[PDB]
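One chain follows as structure tokens, the form deposited in one PDB entry.
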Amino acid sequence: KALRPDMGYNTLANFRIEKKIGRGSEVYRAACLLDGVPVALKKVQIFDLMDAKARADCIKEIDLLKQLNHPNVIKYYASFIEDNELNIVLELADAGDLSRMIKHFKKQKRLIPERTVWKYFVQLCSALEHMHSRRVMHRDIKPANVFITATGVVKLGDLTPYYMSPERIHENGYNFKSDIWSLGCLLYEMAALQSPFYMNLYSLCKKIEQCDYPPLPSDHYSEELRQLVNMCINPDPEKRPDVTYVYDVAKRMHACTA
């Protein structure tokens, strides 16, 4: 339809869809016509798959997400109902992700150097500390959801889970410490090019309660990095550190490995 300038990013009429870039919700690359800014436009059929209650929860959650504002977190520009669908307008992160980065290293048959691990991990910690400071849980930390722009800037992405924390396996509540568990698994994965517990939930539970994951090599990864992983993936959420402590370690290690 026709441009509605008063409406900012809150109406489909102010965007030109350029391409479908994802599906399964459907995701389009679009441009905001008011300012030429590129966006990801996600269309969710919340009336064909969502209960009255889940709809309010999902919406209240998106409203909390829109208040976020950080260079390392994907910006939620807007969300609105139109054409009987939920439309979420997101910062476009198009150039790649941590999952792809790890694949490059696997293909070149080499490990990610420690300094490179901290270079990206510290930015991820910055994102997550912003979120936790705003009292928002991420809930889906995984390499494919950690975008990396073309200039190597980390963008923590929009919210059978990739990393299953013990409390989630047994259907306890997801909380801030569950984010820390995924963050620890991710750090391990950057260093090992494989998830720590790479099956079924019962054998997964067994391995977790017995730290049955292969140690990282001490000749490539410092005690600092290895201990930080170890504490973040403690089975007991009370034993895991808060994001503020993880972030502080990341910043110290980034500063002296560079």
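Residue positions are given as counts along the sequence shown, with the first one as 1. For clarity, a rigid core is taken as the largest C-alpha set superposing within 1.5 Å between two forms.
Beyond the structure shown, there is the form deposited in another entry, which is absent from this document and is the topic of what follows.
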Report summary line: Across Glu114, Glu129, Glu167, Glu85, the single C-alpha shifting 2 angstroms or more between the shown form and the other one with the core held fixed is at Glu85
**Report entry** Is_shifted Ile233 between the shown form and the other one (CA, 2 Å cut-off, rigid core)
**Finding:** no
Requested in this report: Please check if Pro214 moves between the shown form and the other one, taking a CA shift of 2 Å or more relative to the superposed core as movement.
Outcome: no
Query raised in the report: After superposition on the rigid core, does the Cα atom of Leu193 shift by at least 2 Å between the shown form and the other one?
Result: no
